[PDB]
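Q: Let me give you the structure first, and then I'll get to my questions.
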Amino acid sequence: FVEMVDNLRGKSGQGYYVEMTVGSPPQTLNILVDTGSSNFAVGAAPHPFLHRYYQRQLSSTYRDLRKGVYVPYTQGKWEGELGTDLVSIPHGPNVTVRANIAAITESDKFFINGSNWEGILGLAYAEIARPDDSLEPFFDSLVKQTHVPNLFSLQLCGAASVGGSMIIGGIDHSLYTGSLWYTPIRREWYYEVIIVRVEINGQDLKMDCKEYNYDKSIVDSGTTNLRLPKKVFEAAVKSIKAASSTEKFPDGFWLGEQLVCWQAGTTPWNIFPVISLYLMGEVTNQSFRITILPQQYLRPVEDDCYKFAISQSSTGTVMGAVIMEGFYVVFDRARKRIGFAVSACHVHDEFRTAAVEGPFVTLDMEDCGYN
Ligand SMILES: CC(C)(C)C#Cc1ccccc1-c1ccc2nc(N)ccc2c1
């Protein structure tokens, strides 16, 4: 799939975007790739932050669904009107499809000042599509209307100015080394998965594994951070603090409430512990583990100061860029599973490496799930 290689651009950490065209004739827009939601939504109005936006008036293939949609978030919101039109991906498969489109017409704290993207492509499932599950997500429509296989894979490389690849409909074996290992998708809403064991420097966090997936663990390209439920984060940072005692740091840094700065060229990564997540394997009692380095979780902000890219959540575990930038991630929707392999472009020093190792024995994996 050379056509699709390197078809993602972005800034740290404003997320990854792919080029898309909408309407007849094609209107080109940068759209953020987001496996954490299910709406295909674009700016339709001249907000000051946007470089461009959907002009429905120019498109003869536009159909009004006469239905509004309101998406509130933690603070801030986006609001738009629903429609269908002809969507294509110039650096993707060679097809045009008719998809639902939310024309954004009011937002707060949604678009980023300085970013280069004008909408969002929700790659996840219908159950979490706003307003409700009848609003068929983009990917369900591609697969329903063409011969494109029901899967996609993501390689997000870790560096303003980041890049990557979204392979629609297949796997490019040149993008990863070693072997894929698959975790089943627990439920088709988000890409929800079960984490069965957490290590830091290969030392167990020894928590009831139900806590790791409370109320949810998901794989999510739209989130920058590794987000852990509070207990888990508490125990994880407590463990990281310990493992990294060669140098001390203010108590606010670990809450991500300030930055931490060193001289150019002088960062000591070895003070810092590898983080291992074990994920439910394909077979009963079988698991595998993924392993990230500090280069993934200590991420430089350029305005050398790094931010601690692991934070707490009440929404569950979120395996954001921090995790995904180490691995080639296959979203195998056809077989209800997600595959991980060591990415060919992942940021690594000469000592260590991101790893996908298996198999391991883990009992009661299904009990780590929340009900
Ligand atoms: C992508 C940013 C974080 C800039 C946003 C936003 C936003 C604003 C108002 C209403 C909804 C959202 C929104 C939309 C999609 C999302 N996807 C995710 N994976 C995580 C969070 C998301 C939040």
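Residues displayed in chain A correspond, in order, to Swiss-Prot positions 60-218, 229-372, 379-446.
This deposition comes from X-ray crystallography, 2.7 Å.
Each residue, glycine too, has its Cβ placed from N, Cα and C.
As listed in Swiss-Prot for this protein:
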- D93: active site (ACT_SITE)
- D289: active site (ACT_SITE)
- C216-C420: disulfide bond (DISULFID)
- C278-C443: disulfide bond (DISULFID)
- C330-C380: disulfide bond (DISULFID)
- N153: N-linked glycosylation site (CARBOHYD)
- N172: N-linked glycosylation site (CARBOHYD)
- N354: N-linked glycosylation site (CARBOHYD)
- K126: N6-acetyllysine (MOD_RES)
- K275: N6-acetyllysine (MOD_RES)
- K279: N6-acetyllysine (MOD_RES)
- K285: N6-acetyllysine (MOD_RES)
- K299: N6-acetyllysine (MOD_RES)
- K300: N6-acetyllysine (MOD_RES)
- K307: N6-acetyllysine (MOD_RES)
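Please situate the listed features within the shown structure.
A: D93 (active site): 23 other CB atoms within 10 A of its CB, across all protein chains.
Taking the Cβ of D289 (active site) as centre and 10 Å as the limit, one finds 25 other Cβ atoms among all the protein chains shown. In the three-state DSSP classification, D289 (active site) falls within coil.
DSSP classifies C420 (disulfide bond) as coil under the three-state reduction. Of all the Cβ atoms in the protein chains shown, 16 others lie within 10 Å of the Cβ of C420 (disulfide bond).
Cβ environment of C278 (disulfide bond): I264, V265, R266, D439, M440, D442, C443 lie under 8 Å away, each six or more residues apart in the same chain.
In the three-state DSSP reading, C330 (disulfide bond) counts as strand. Close to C330 (disulfide bond) in the fold, though at least 6 residues off in sequence, lie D379, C380, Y381, each with a CB less than 8 Å from its CB.
In three-state terms derived from DSSP, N153 (N-linked glycosylation site) belongs to neither a helical nor a strand segment and is classed as coil. Of all Cβ atoms in the shown protein chains, 10 besides its own fall within 10 Å of the Cβ of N153 (N-linked glycosylation site).
In this structure, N172 (N-linked glycosylation site) belongs to neither helix nor strand by DSSP; it is coil.
Taking a C-beta cut-off of under 8 Å and a sequence gap of six or more, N354 (N-linked glycosylation site) has these contacts in its own chain: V436, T437, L438, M440.
Under the three-state DSSP scheme, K126 (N6-acetyllysine) falls in the strand class. Shown in sequence order, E140, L141, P190 are the residues of the chain, 6+ apart in sequence, with a C-beta less than 8 angstroms from the C-beta of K126 (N6-acetyllysine).
Cβ-based neighbour count (10 Å, all protein chains) for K275 (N6-acetyllysine) stands at 10.
The local packing around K279 (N6-acetyllysine), expressed as other Cβ atoms within 10 Å of its Cβ over all shown chains, amounts to 14.
Neighbour count (other Cβ atoms within 10 Å of the Cβ, all protein chains): 19 for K285 (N6-acetyllysine).
Every protein chain considered, the tally of other Cβ atoms within 10 Å of the Cβ of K299 (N6-acetyllysine) stands at 12.
If you take the C-beta of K300 (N6-acetyllysine) and look for same-chain residues 6 or more apart in sequence within under 8 angstroms, you find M276, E280, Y283.
In three-state terms derived from DSSP, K307 (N6-acetyllysine) belongs to a helical segment. The Cβ of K307 (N6-acetyllysine) lies under 8 Å from no Cβ of any same-chain residue at least six residues away in sequence.
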Q: Gap validation: 6 unmodelled residues, flanks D372 and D379. CA-CA distance in Å?
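A: The gap of 6 missing residues is bridged by a Cα-Cα distance of 9 Å.
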Q: What is the one among the disulfide-bonded residues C216, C380, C443 whose Cβ has the most other Cβ atoms less than or equal to 10 Å away?
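A: Max Cβ neighbours within 10 Å, all protein chains included: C443.
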Q: Quick check: of the recorded positions listed here (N172, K279, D289), which one has the Cα closest to that of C216 (disulfide bond)?
A: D289
Q: Which of these recorded positions (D93, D289, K307, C380, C420, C443) have a C-beta closer than 6 Å to some atom of ligand 1?
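A: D93, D289, in sequence order.
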Q: What is the number of other Cβ atoms found within 10 Å of the Cβ of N172 (N-linked glycosylation site)?
A: 7
